[PDB]
Each structure stands twice: as structure tokens, then as C-alpha cells.
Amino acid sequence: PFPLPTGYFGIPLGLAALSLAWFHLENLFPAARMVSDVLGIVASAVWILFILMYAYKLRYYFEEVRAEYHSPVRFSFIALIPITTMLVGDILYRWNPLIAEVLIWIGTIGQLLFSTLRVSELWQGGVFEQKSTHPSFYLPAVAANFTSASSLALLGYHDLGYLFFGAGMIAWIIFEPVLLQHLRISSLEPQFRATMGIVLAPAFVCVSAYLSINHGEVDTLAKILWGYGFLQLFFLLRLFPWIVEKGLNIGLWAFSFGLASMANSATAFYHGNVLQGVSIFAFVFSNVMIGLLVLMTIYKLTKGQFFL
């Protein structure tokens, strides 16, 4: 027995999001559906296993859960649980809309309850410190709201989706200023640097949610978001040797949320006949990168260097 590290939910997250990106190519290239189904089944299977492992953690390692919950830094990773639950719901919708809808509401209510309890509590002061200003905060504060937005849109609740979308978008703009100033002043320590991959996520996760609500209309807002997203991509590419100064590691799955959302949004740009060449590049690049993450993870597993 061992306690599952919460960040491992980023693996089914990235795979699930990538499944959904391929799903959105099925009417352009029908073979995309099989790719989407295989990614979706793998993501769902991994999610089930990790949910079971985390249920075991809650039962037998509760003080570890309590400590991560109350941490002004580590609490954020818990949001991966409802995020992934909603993404698995989106996948399952293609086969069973009833079960999908249950998962989507559990993850939406769960993430909103979680932020309401913990993100707000930080405003009491004295626990969060300047050094707590980490990319992981995007998970409960931003990514969870975007994922509710797009999942609720899938279910037909577009106006409710816009409320979640706005909560995420404005929360993003209100957090990022202080994050980037912190990174400029304070060198993030190597053990946390893989989480720089979360910095890729906001603009791409935002535009993918936006396009899912707005019926895939590639408008001025969508193009604006893509532009900042690519700026951040270029910055993180330049930063990559520094990010991995102390070696490649499984934490690099942090990049997969933004990469998969870049792929998803590319499908909508392509469908809309906007920047189709960029779209192709983006879709291929993100798939190659996630493919590399998969190969490195299989390798770690075959060495027995995966679970703590």
C-alpha cells in the first residue's frame, strides 16, 4: 500500500482532454474517432484506478489528505479530481449521456464547493505567503471553472456555462499578474519547476471552453486568446532547458493540459477556416509532445519508477 500523489491525476486529465480534441475532428477525418475512443478509454480507465486509489488514501491515509488540503500551496492539486471527473464525463457522453451528466454535475458541484471553501479562505491572511504564489493555483481558481463551462455547454446549459467561463477568465487575469511578478523576482526551485507547464494552460483552456459554449465561432476574442497563448508557448519553449535543469521527470505532465487544449482549440480554428496552417502545426505539435510524455511514462513504469 502507498498514498497516491495527487498530481498524478494530471495524467488522465491530459489524455482525456486530448481524446476530446480528436473527437472534434471526426467529421473532417473520420479515422479521428477511433483515435479519440482509444485515448478516451485509456484516460477513463486510468481515472477509475486513480479515484479508487484516492478513496483508499482518504480511508487509510486521511492525515496526508488533510495536510495537503490545508496547505496554501498543495491544496490546488485536489482540484484535479473534479476536473478529471468532468472530462471523463465529456468523453462518456458519446456513449451514455445520463452517466456523463452525473459525472459533470458531481465535478461541477465539487469544484465550486472546493474553491468556495479553500480559495476564499486564503483571503483571511497569514497562511499563504509570497512564496506560495505558484502556477498550481490556476487549477482550482481558473481551470476548474473553464472545465465546468465547457461541460455544462455540452449538456446544453450554455448560459450557466458562461457564468463559469467568466469566473475562470476574470480569475485568470486577476491572478497571473502577481504570479509572473513573483517568478521574475524569485527563482522557482527545481522541484517545483515542472509546474511551469501549467502556465501554458490558461489561454488555451480559456479559448477551448469559449469555443465550446459559443458553438465554435472563431471570433475576435478567440483570436486574441490564441495570440497570448502562443506567446506563452514560445516563452516556455525558451525556458524548457531551465525547467528541466535537474532532469526529465513525470511532473512534465503539467504541460499536457495546455497542450491538449491547444490541440482542441486548433480543431475549431481549422473548422472555422482561420489560420489553418497554424492550426495544423499546433495540433501536430501538441500530439507529438503528449506522445513523448506517454513514452516516458511507460518507460518509468517499466523501471518501477512511477508510484511512490
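Just count from 1 along the sequence shown to find any residue number.
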*Greater mean Cα temperature factor according to the PDB record, 80 to 88 or 164 to 172*: 80 to 88
*Quick one: higher average CA temperature factor, 40 to 48 or 261 to 269?*
40 to 48
*Which one of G229, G110, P177, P190 shows the top CA temperature factor in the record?*
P190
_If I read the C-alpha B-factors straight from the PDB entry, which of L239, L28, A67, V274 is highest?_
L28
*Against its chain's modelled residues, does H215's Cα B factor rank lowest, middle or highest third?*
highest
*Can you work out whether the C-alpha temperature factor of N96 puts it in the lowest, middle or highest third of the chain?*
highest
*Name the third of the chain's ranked CA B-factors that contains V127, choosing lowest, middle or highest.*
middle
*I198 CA temperature factor, ranked by third within the chain*: lowest
*asked:* Split into thirds by Cα B-factor across the chain's modelled residues, where does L233 land: lowest, middle or highest?
replied: lowest
